[PDB]
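Structure, as structure tokens:
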Amino acid sequence: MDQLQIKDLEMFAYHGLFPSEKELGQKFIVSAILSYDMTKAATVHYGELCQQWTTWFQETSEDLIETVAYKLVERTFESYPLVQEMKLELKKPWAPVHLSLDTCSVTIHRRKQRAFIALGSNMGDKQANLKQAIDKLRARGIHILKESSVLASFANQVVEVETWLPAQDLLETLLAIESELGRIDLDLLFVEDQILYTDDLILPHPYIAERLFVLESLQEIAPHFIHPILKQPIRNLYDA
Amino acid sequence: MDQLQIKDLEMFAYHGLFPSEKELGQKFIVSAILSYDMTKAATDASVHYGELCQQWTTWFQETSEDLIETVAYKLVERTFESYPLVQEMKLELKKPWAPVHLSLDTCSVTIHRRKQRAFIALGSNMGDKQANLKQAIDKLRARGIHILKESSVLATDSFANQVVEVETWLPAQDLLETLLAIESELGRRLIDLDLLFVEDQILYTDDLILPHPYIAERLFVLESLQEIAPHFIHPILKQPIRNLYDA
Amino acid sequence: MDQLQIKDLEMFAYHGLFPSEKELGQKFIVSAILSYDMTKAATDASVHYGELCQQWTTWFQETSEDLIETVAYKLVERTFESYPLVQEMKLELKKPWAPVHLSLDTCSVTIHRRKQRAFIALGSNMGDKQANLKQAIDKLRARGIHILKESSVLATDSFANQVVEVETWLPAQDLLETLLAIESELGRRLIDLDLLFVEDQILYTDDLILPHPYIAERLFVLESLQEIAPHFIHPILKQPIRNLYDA
Amino acid sequence: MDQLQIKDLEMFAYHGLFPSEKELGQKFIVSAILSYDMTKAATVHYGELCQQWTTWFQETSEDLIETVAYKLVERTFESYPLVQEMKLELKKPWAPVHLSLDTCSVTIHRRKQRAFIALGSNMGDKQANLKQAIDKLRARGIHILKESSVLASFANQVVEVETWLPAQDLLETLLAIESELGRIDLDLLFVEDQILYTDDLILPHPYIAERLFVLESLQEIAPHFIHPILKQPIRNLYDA
Amino acid sequence: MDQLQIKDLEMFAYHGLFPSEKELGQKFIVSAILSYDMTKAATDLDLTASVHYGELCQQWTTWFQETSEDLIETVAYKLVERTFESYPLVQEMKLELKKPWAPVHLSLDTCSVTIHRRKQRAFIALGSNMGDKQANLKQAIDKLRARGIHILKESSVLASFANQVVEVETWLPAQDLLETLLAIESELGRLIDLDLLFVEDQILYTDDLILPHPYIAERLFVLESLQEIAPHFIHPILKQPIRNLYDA
Amino acid sequence: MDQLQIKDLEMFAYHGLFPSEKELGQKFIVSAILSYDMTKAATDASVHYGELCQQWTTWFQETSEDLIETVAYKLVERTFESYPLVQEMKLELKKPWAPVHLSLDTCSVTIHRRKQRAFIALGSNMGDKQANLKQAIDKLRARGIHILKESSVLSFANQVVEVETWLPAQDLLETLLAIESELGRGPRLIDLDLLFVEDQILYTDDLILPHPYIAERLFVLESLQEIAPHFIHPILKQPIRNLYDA
Amino acid sequence: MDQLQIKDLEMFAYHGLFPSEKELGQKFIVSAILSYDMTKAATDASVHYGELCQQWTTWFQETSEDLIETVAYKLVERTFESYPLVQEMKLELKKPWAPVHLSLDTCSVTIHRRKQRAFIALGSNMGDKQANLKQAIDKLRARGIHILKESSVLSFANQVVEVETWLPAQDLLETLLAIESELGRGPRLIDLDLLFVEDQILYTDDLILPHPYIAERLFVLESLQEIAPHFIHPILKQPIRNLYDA
Amino acid sequence: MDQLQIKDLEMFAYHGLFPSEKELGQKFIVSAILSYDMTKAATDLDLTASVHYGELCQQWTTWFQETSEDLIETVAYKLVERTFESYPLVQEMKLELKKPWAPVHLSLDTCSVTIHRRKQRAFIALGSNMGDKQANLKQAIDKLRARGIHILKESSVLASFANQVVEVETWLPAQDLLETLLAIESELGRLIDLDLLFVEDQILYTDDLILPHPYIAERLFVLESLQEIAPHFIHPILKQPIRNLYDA
């Protein structure tokens with residue numbers, strides 16, 4: 001994949017914990033690599049991108065440079081749909097450490113990914129809860145690529161989406177949605193190829209090959225997708 | 001794998017979108033990494049710097065493009081053409097006088113391509129079937145993609161079927177796009193081209209699924225696949241064509 | 001995953017093999033990359049530079065070591081101890097006044113460690129079986145490796161058997177070596193420790209095979225494995241413990 | 001894995017095609033990353049390594065900087081068995097290009113790898129040819145780790161070895177050995193985990209799971225090794 | 001003497017001859033050495049006796065972007081002229097203006113213009129014998145002031161010519177001072193009569209200008225009014241006080 | 001003359017005008033050129049870096065000054081005090097993190113001082129004239145300026161003194177006037193005149209060198225030929241000895 | 001005086017002592033400081049970089065010299081010829097790839113020249129004396145040195161000339177002697193003397209400035225007061241005009 | 001004047017006071033500016049009139065490693081002294097010796113010592129009246145030569161004292177010249193009598209040395225022999241030729 005980079009754009013701002021830092025401000029250096037296929041253009045603007053970055057960077061005084069570096073990434077993805085993966089290093093060479101060094105930097109790195117989430121409900125307006133969820137999901141900026149039809153004391157459905165949130169972060173934002181509708185049932189099923197085993201998340205979801213109703217609605221929107229572990233197209237798993 | 005690199009070669013030219021730019025020109029800096037096994041050259045066959053730099057600096061100045069991407073890609077595209085030894089290339093084109101009006105170091109575009117072996121299936125069932133296939137494999141050649149090995153074309157209103165093994169540096173999505181472009185420019189059934197495998201790779205995108213999802217189910221595709229590549233391993237089923245064919 | 005880095009922090013100290021070095025000391029330069037997900041800190045939890053640098057510069061000067069490796073490793077080892085947030089660390093220690101007598105830039109040693117989840121099996125059939133196991137899991141804790149989850153110990157002259165799930169940054173070969181060192185220092189049957197899995201990893205070296213080659217065949221190991229990690233996937237058999245257990 | 005690096009050691013020598021270059025000599029800059037586990041030392045010498053490199057580099061005038069960069073790598077592995085993987089960049093900033101640039105470099109990169117090779121013979125002193133082969137192999141600097149016993153109108157055997165030669169280069173050196181004994185039959189079976197499909201080499205060797213005599217002698221020295229494709233221990237493949 | 005310096009201030013602007021340059025603009029870099037005696041500021045903690053960078057940099061950067069000049073010399077000269085006007089502490093300048101994106105089409109590090117000026121004490125003889133002799137004189141010292149050269153001390157007038165000599169402070173080098181003298185003469189009907197006498201210590205012998213003016217020690221009415229305002233000033237060639245020269 | 005130089009020594013401290021700067025501190029870079037004749041050290045005596053850099057760094061961090069000048073001056077002043085070998089010094093203090101909010105390499109202040117030999121005439125005709133004179137040479141010595149040579153003392157009491165100072169002329173002068181003040185200033189008490197400061201020759205509003213009347217005041221030539229009969233008047237291009245025979 | 005400077009312009013060429021160097025060529029870096037008064041350009045006249053750099057680079061590559069000096073000198077010489085605005089020039093030629101086999105940043109040669117005003121006395125008392133004189137001023141003009149002012153011509157025939165040259169004194173002299181040669185050198189033909197070159201004042205084995213006898217040769221003061229009666233003798237500290245009334 | 005310069009030659013050696021430094025050695029960097037008139041070499045393609053770098057660098061680097069000195073000044077002074085001996089083209093030096101691994105234990109860029117010397121014309125008066133007056137004189141000019149100072153011109157001797165003045169070339173600054181004068185006096189039983197008269201143009205007034213020597217214009221036998229070897233040399237203070245001063 002091709003990349004566009006901006007190396008070491010200088011920025012003055014007022015970020016830092018100390019209220020003296022917020023008062024004097026200091027120099028910050030930004031560097032980013034944006035990845036996407038250039039083959040079509042060969043066969044984004046710099047001035048603009050730098051201008052926006054430089055606007056976004058000074059709208060406020062954050063306490064943490066992490067928080068600013070992340071805002072830039074998030075807003076870059078919102079404004080340049082072309083971009084697939086971004087890596088932004090934010091450097092703070094005047095940090096008040098009192099030692100000699102070249103610099104301290106925080107670098108945040110995010111990649112658009114395709115995922116499938118299962119929704120279920122069985123109390124209240126069973127289907128109202130399903131729609132509210134795809135909505136809350138859309139509101140968080142995650143894109144809804146493709147949704148299945150919904151199946152009839154429970155209602156189910158699955159959704160294909162696109163997000164730059166790492167798996168664990170997606171999961172957290174899924175649980176936050178469960179909360180803010182009073183605890184529905186959202187499950188991350190796959191996020192691409194990926195396969196994890198952490199305390200809070202197993203990918204792919206450990207029961208997919210044994211839940212007919214999940215394979216059902218999964219096979220409707222993604223009959224050819226391969227299960228990264230069983231090495232089989234959904235279409236086929238559904239056949240047993 | 002081993003690498004030759006040219007770091008920060010300086011070049012003046014006149015690319016840019018603004019007409020003021022095409023008028024004054026500006027400094028550009030080029031860097032590249034070319035990869036290929038040097039074991040043979042080192043032990044007895046290799047690229048020359050003076051020439052490589054000299055050529056790049058010619059191709060770079062031939063014209064003014066609007067976008068530096070387009071110039072970076074051209075240099076990559078032709079380097080591959082002129083130095084078949086090279087397997088993988090990564091070329092960064094830096095534009096440090098870009099008219100941003102802020103302090104930075106530089107703003108660059110870097111294009112990265114690698115040769116890959118791929119298998120594409122051809123089918124025709126109207127007209128001079130067998131010539132439609134030939135003209136497709138020609139368009140392929142003409143777009144710089146290399147025909148490594150080609151099966152024989154069998155009759156399967158019958159289909160002429162064949163599969164071709166090729167070497168190309170176009171990324172998967174791009175190979176596909178050029179495949180469709182070729183279907184178009186021979187009347188869109190006239191020919192069918194399918195991307196079956198590009199090496200080991202496995203993609204699931206809106207436009208391309210690799211490997212192609214019906215390979216293990218299409219005797220006529222395993223037919224021709226098995227003739228030229230019986231030991232190639234299906235990256236999903238984790239079996240040799242040869243074996244998949246025996247059902 | 002996101003990263004904090006400290007680039008080129010300068011430090012004077014007295015490490016070196018030569019006694020002339022311990023006497024004059026020299027300049028050293030430290031650089032590191034610490035990795036961990038910053039999404040939570042950025043959105044509501046994070047490391048501080050001033051402190052991190054200040055600590056490193058204390059631990060660096062506590063003593064004179066012979067070898068810079070040993071100082072680099074100490075900084076890594078303690079950074080993990082003091083900042084559990086950190087998942088992966090890569091620390092470069094540059095020694096640009098090294099007494100080589102040739103012109104260069106610098107000569108550095110860089111040590112790189114990542115936390116990993118691993119499963120280790122314990123067995124005992126002599127003495128206070130159940131205490132031998134406890135003391136092993138203690139030695140483990142005492143060497144800084146973390147006990148994440150531990151199965152129950154079952155009787156299988158019977159064996160006490162158990163398996164433990166742990167988090168450690170020691171590379172596979174090193175985990176093993178410390179496993180054997182623990183067998184030694186409790187009388188070498190007193191206890192058996194086996195490395196079963198370290199994540200996804202699969203090695204075949206003279207001293208260690210991962211995953212351990214008999215896991216799918218030892219009901220008593222799947223027993224305890226299935227109790228704490230039934231969904232973990234065997235990286236070879238490409239199945240969940242749970243399933244391997246059902247035979 | 002940990003690394004030791006030397007950045008930009010300067011060297012004057014007489015390498016180049018032009019006989020003017022051989023005459024005046026010029027400056028060369030060397031940089032290397034040597035990888036091996038440091039955990040044992042923490043719980044190689046620089047002065048020496050630089051001195052040797054700098055000796056080896058000036059013993060001769062090669063035409064190609066590639067050839068010198070490779071000599072250094074090869075000799076480094078011979079002299080420091082500890083080293084597992086090496087990456088040496090040789091830079092030629094005075095190259096006679098007549099343009100402005102920072103430098104042109106060649107960088108050669110090699111890693112020790114475990115491989116298994118099958119030997120067969122069936123004409124002449126069947127077993128004499130087998131022994132001559134393991135010898136020729138040892139003479140090329142490849143290490144013999146472990147050899148099986150030899151099986152009885154053919155004689156077979158398999159060998160486990162260690163080499164930093166990339167797969168294709170191993171293969172070439174195998175065919176060179178076949179030649180210099182008058183055309184035996186050496187086959188690369190595995191080189192570690194690796195799996196290739198090139199015109200001259202398929203790894204693993206496409207017939208292993210179907211050759212009882214190969215599995216035989218393979219199961220003797222490596223019953224637990226996993227077939228990177230069939231995902232099975234040799235021991236088990238041999239059982240059918 | 002002490003020096004305050006600003007190294008490599010970055011500034012984007014639109015200066016140059018080509019109209020494509022005035023359209024895209026380009027990066028310029030500034031570096032200056034301001035000189036003056038910092039001993040009072042260091043010692044009395046005297047904020048008024050030092051220059052504030054932040055503001056220096058901020059002004060320079062404003063004056064720098066007010067307009068698009070054709071030549072960078074013109075812009076560099078402007079900052080020098082303005083600094084002297086706004087920061088009377090400063091005694092001597094040297095300001096370098098770098099143009100690294102200059103459309104040369106070769107590799108280099110940079111091109112740069114660097115203008116260097118120093119405040120100087122000078123003496124100027126004024127005569128008139130035509131129209132309102134009297135008036136001409138005043139209007140000349142005024143024209144002088146108008147140009148920003150400073151009048152330090154003026155002698156009484158000797159009233160068939162009328163005569164005066166003035167002591168002034170200027171940063172313009174001697175040749176330019178002379179030119180702006182002649183400029184005034186002209187913008188006055190060619191009446192007045194201006195002569196550079198000394199500019200400090202200096203002694204030149206060029207086509208347009210001889211310093212000290214070669215007739216001083218023989219012109220009684222010049223000593224007359226020179227001894228009035230600088231009796232102790234020493235003739236750089238004859239090596240004596242005006243005072244004594246006048247006594248002959 | 002030879003030079004010893006320390007290039008870009010880094011130092012953290014808390015100097016600055018902004019209270020946020022005292023609070024946070026920033027990086028400062030120091031570079032100095034000390035001049036002195038090294039021929040003597042090189043041939044058998046010299047400065048250490050270990051020490052010079054250690055002290056500078058101590059001195060630089062003892063306090064927090066509002067102006068970096070006052071600090072850069074502190075180091076020049078102190079250095080001359082503790083290293084009498086040094087004859088001329090140039091010390092540049094750089095403030096790369098100055099809160100200007102523009103891109104630049106840096107801002108710096110560089111203070112440059114040189115030891116010089118001067119002659120000061122003292123006069124008194126009021127109170128205890130003799131005392132007056134003595135207290136002036138003392139005040140002077142107190143300010144750190146060195147007394148090299150003093151003439152005998154010559155109604156009015158006169159004297160002239162040979163001294164060594166690194167203060168530039170104008171500043172030497174100011175300090176002369178300040179002494180006159182702190183001693184109370186028709187009849188006077190004291191009169192300090194700068195007579196010469198080396199070779200130099202001025203013409204400014206506040207001071208003229210050499211002082212315009214020397215060649216014409218016998219009392220001055222008197223006590224001045226006594227301690228420096230061979231010194232050459234930078235303008236009349238003659239020895240004092242000689243100007244005195246007239 | 002203001003300065004225009006071109007910093008580290010890169011140029012490839014084939015200069016050098018080693019035949020392997022002519023054959024292969026190497027990189028050269030050039031930096032120049034041209035001085036001239038910019039006040040006039042800045043206020044309404046100046047040099048281009050486009051051009052200055054293009055020409056320098058042409059000139060630098062026309063030939064292959066054994067010494068980099070001869071090349072660095074070529075650029076100074078030519079520049080003064082094509083840009084009469086320039087008054088002083090300093091041009092440094094760096095040879096980073098010089099075949100020294102040691103680590104260093106670079107070796108360089110930097111040639112520095114300044115326009116100066118001089119006075120040359122001409123005499124002839126043999127052959128066609130008048131002609132002799134005229135051919136000398138011509139030879140001179142040929143060498144590029146400019147004739148600013150010539151006195152009228154005064155057995156022996158005498159003359160004195162005001163000229164402008166960038167040659168340092170000693171080299172001006174050498175060229176004077178060379179002319180004397182190429183015109184044939186009791187009775188002579190020509191006599192060139194360096195009388196003054198500005199303000200300057202020498203004392204070397206080959207040349208003394210000002211020439212030690214001026215104040216004592218009427219014929220010289222004669223033709224010299226005629227074209228420069230106000231010029232000041234750098235030593236006697238008087239106008240020629242005046243020295244002539246004696 | 002033109003200049004040849006060698007920038008940042010790297011050299012490893014074993015110089016310093018600590019014995020751990022003499023044991024490990026460390027990196028030193030050298031940079032010099034050699035000055036002389038390159039006009040002959042540029043013009044006549046005159047190889048003998050330029051300095052060869054390769055060799056310069058090679059020698060310096062040999063002399064640099066011959067020994068371990070305690071102080072870097074000593075080593076820097078050595079290269080200066082030796083260069084002048086081996087490359088008579090060179091008129092003026094400045095050689096900087098950098099010690100970046102100096103065991104200071106703070107961040108800096110470097111420490112450095114930089115020694116700067118210039119060939120000069122000087123005049124020295126010799127007198128004796130004791131033992132073999134005659135002999136003393138010769139042995140002194142010889143001692144002079146021995147130190148490497150060069151005898152350019154010596155006057156005839158004026159034979160109750162015997163007297164001579166010599167013209168020489170030295171790079172030692174005036175104070176050091178005086179010291180080595182006194183050194184000779186001593187290594188001769190304190191007989192001889194050496195006086196620095198002028199060293200060029202220069203005029204000093206320090207504790208140990210007044211230049212020009214303050215009695216020249218009144219000492220007939222000094223003018224006597226000075227007018228013999230440099231009649232046109234000009235007294236930097238009285239501004240007249242020795243020749244004329246002697247005529248009184």
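Starting from 1 in every chain, residues are counted up; chains themselves are A, B, ... following the order of the structure tokens, and ligands are numbered from 1 as listed.
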
Near residue A:214, counting only C-alpha atoms, which residues have an atom at most 8 Å away, once you skip same-chain residues fewer than 3 positions from it, shown as a short mmCIF file (atom, residue, chain, number, x, y, z; two decimals) with N, CA, C and O atoms, in the first residue's frame?
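Ended up saving to around-v7.cif:
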data_model
loop_
_atom_site.label_atom_id
_atom_site.label_comp_id
_atom_site.auth_asym_id
_atom_site.auth_seq_id
_atom_site.Cartn_x
_atom_site.Cartn_y
_atom_site.Cartn_z
N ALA A 118 -23.07 -9.41 15.91
CA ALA A 118 -24.40 -10.07 16.03
C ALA A 118 -25.23 -9.28 17.02
O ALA A 118 -24.70 -8.96 18.09
N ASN A 156 -33.12 -11.90 16.07
CA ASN A 156 -31.67 -11.74 15.75
C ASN A 156 -31.33 -11.08 14.46
O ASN A 156 -32.23 -10.93 13.61
N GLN A 157 -30.04 -10.78 14.27
CA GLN A 157 -29.60 -10.04 13.07
C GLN A 157 -28.13 -9.91 13.09
O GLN A 157 -27.54 -9.95 14.21
N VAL A 158 -27.50 -9.79 11.92
CA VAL A 158 -26.06 -9.47 11.93
C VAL A 158 -25.70 -8.41 10.97
O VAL A 158 -26.35 -8.19 10.01
N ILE A 208 -19.71 -19.19 17.01
CA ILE A 208 -20.29 -19.01 15.68
C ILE A 208 -20.67 -20.28 14.93
O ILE A 208 -21.76 -20.40 14.43
N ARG A 211 -24.11 -21.83 16.06
CA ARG A 211 -25.38 -21.10 16.16
C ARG A 211 -26.11 -20.86 14.83
O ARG A 211 -25.89 -19.80 14.17
N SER A 217 -27.92 -15.48 9.17
CA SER A 217 -28.00 -14.08 8.78
C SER A 217 -26.61 -13.69 8.36
O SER A 217 -26.39 -12.83 7.49
N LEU A 218 -25.66 -14.47 8.82
CA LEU A 218 -24.31 -14.23 8.35
C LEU A 218 -24.16 -14.69 6.89
O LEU A 218 -23.57 -13.99 6.07
#

What residues in chain H have any atom no more than 10 Å from chain C when counting only C-alpha atoms, and can you write them as a ChimeraX atom specification? /H:10-13,18-27,100-107

Env of residue C:46: 10 Å cut, atoms = only C-alpha atoms, seq-sep filter 3 positions within chain, self excluded. Answer as a ChimeraX atom specification. /A:64,66 /C:4,36-38,40-42,49,83,85-86

Kindly export the residues of the current selection with N, CA, C and O atoms, as a CSV table (one decimal), in the first residue's frame.
chain,number,residue,atom,x,y,z
A,64,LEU,N,-3.6,15.9,27.9
A,64,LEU,CA,-2.6,15.0,27.4
A,64,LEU,C,-2.3,15.1,25.9
A,64,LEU,O,-3.3,15.2,25.0
A,66,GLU,N,-1.5,12.6,24.0
A,66,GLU,CA,-2.3,11.5,23.5
A,66,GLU,C,-3.6,11.9,23.0
A,66,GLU,O,-4.0,11.6,21.9
C,4,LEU,N,4.8,5.2,23.2
C,4,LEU,CA,5.5,6.4,23.8
C,4,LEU,C,6.9,6.2,23.5
C,4,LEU,O,7.4,5.1,23.7
C,36,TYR,N,1.4,0.2,24.2
C,36,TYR,CA,0.3,-0.1,25.0
C,36,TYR,C,-0.8,0.7,24.3
C,36,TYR,O,-0.5,1.6,23.6
C,37,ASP,N,-2.1,0.2,24.5
C,37,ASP,CA,-3.2,0.9,23.8
C,37,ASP,C,-3.5,2.3,24.5
C,37,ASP,O,-3.9,2.3,25.6
C,38,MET,N,-3.4,3.5,23.8
C,38,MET,CA,-3.6,4.8,24.4
C,38,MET,C,-5.0,5.3,24.3
C,38,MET,O,-5.3,6.3,24.6
C,40,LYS,N,-7.9,4.6,25.7
C,40,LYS,CA,-8.5,5.0,26.9
C,40,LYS,C,-8.0,6.3,27.5
C,40,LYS,O,-8.8,7.2,27.9
C,41,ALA,N,-6.7,6.4,27.7
C,41,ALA,CA,-6.1,7.7,28.2
C,41,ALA,C,-6.5,8.9,27.3
C,41,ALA,O,-6.6,9.9,27.8
C,42,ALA,N,-6.7,8.7,26.1
C,42,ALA,CA,-6.8,9.8,25.1
C,42,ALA,C,-8.2,10.2,25.1
C,42,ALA,O,-8.5,11.3,24.9
C,49,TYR,N,6.7,11.4,31.2
C,49,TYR,CA,8.1,11.4,30.8
C,49,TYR,C,9.2,11.8,31.8
C,49,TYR,O,10.2,11.2,32.0
C,83,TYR,N,5.4,-0.2,35.6
C,83,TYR,CA,4.4,0.4,34.8
C,83,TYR,C,3.7,-0.7,34.1
C,83,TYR,O,4.0,-1.0,32.9
C,85,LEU,N,0.9,-0.9,32.9
C,85,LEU,CA,0.3,-0.6,31.6
C,85,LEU,C,1.1,-1.0,30.4
C,85,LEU,O,0.5,-1.4,29.4
C,86,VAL,N,2.4,-0.9,30.4
C,86,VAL,CA,3.2,-1.2,29.2
C,86,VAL,C,3.2,-2.6,28.7
C,86,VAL,O,3.4,-3.5,29.5

With chain F as the partner and 7 Å as the cut-off, tabulate the residues of chain A that qualify, each row holding the nearest pair of atoms and their distance in Å to one decimal, using only C-alpha atoms, sorted by chain and rising number, as CSV.
residue,atom,partner,partner_atom,distance
A:12,CA,F:101,CA,6.3
A:20,CA,F:20,CA,4.7
A:23,CA,F:20,CA,6.8
A:24,CA,F:20,CA,6.5
A:26,CA,F:99,CA,6.9
A:94,CA,F:97,CA,7.0
A:96,CA,F:24,CA,6.6
A:98,CA,F:12,CA,6.4

Store the residues picked out above, limited to N, CA, C and O atoms, as a PDB file, in the first residue's frame.
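File selection-v8.pdb, as written:
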ATOM      1  N   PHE A  12       2.588  25.498  17.365  1.00  0.00           N
ATOM      2  CA  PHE A  12       2.602  25.971  18.696  1.00  0.00           C
ATOM      3  C   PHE A  12       1.254  25.845  19.373  1.00  0.00           C
ATOM      4  O   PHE A  12       0.255  26.203  18.835  1.00  0.00           O
ATOM      5  N   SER A  20       1.021  26.213  34.416  1.00  0.00           N
ATOM      6  CA  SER A  20       2.125  26.916  33.690  1.00  0.00           C
ATOM      7  C   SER A  20       2.316  26.565  32.153  1.00  0.00           C
ATOM      8  O   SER A  20       2.585  27.448  31.292  1.00  0.00           O
ATOM      9  N   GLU A  23      -0.467  28.010  30.296  1.00  0.00           N
ATOM     10  CA  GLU A  23      -0.225  29.422  30.218  1.00  0.00           C
ATOM     11  C   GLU A  23       0.799  29.817  29.158  1.00  0.00           C
ATOM     12  O   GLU A  23       0.537  30.815  28.587  1.00  0.00           O
ATOM     13  N   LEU A  24       1.962  29.157  28.957  1.00  0.00           N
ATOM     14  CA  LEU A  24       2.996  29.692  28.075  1.00  0.00           C
ATOM     15  C   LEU A  24       2.928  29.098  26.705  1.00  0.00           C
ATOM     16  O   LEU A  24       3.413  29.705  25.733  1.00  0.00           O
ATOM     17  N   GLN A  26       3.985  25.910  23.992  1.00  0.00           N
ATOM     18  CA  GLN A  26       5.271  25.442  23.674  1.00  0.00           C
ATOM     19  C   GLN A  26       5.254  24.812  22.277  1.00  0.00           C
ATOM     20  O   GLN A  26       4.246  24.747  21.598  1.00  0.00           O
ATOM     21  N   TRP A  94       9.752  20.224  24.076  1.00  0.00           N
ATOM     22  CA  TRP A  94      10.110  21.097  25.226  1.00  0.00           C
ATOM     23  C   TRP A  94       9.534  20.542  26.499  1.00  0.00           C
ATOM     24  O   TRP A  94       9.363  21.273  27.454  1.00  0.00           O
ATOM     25  N   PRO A  96       8.826  19.390  29.988  1.00  0.00           N
ATOM     26  CA  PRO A  96       9.623  19.800  31.125  1.00  0.00           C
ATOM     27  C   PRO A  96      10.261  18.616  31.866  1.00  0.00           C
ATOM     28  O   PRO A  96       9.954  18.425  32.976  1.00  0.00           O
ATOM     29  N   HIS A  98      13.971  17.255  33.151  1.00  0.00           N
ATOM     30  CA  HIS A  98      15.072  18.292  33.076  1.00  0.00           C
ATOM     31  C   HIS A  98      16.392  17.678  32.728  1.00  0.00           C
ATOM     32  O   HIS A  98      17.357  17.735  33.491  1.00  0.00           O
TER      33      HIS A  98
END

Extract, using only C-alpha atoms, all DNA, RNA and protein residues at most 8 Å from residue B:61, discarding same-chain residues fewer than 2 positions from it, and format them as a ChimeraX atom specification. /B:12-14,57-59,63-64

Members of stretch 70-225 of chain D assigned strand (DSSP E) by DSSP, as a VMD selection string: chain D and resid 85 to 91 103 to 111 113 to 121 143 to 147 155 to 163 185 to 191
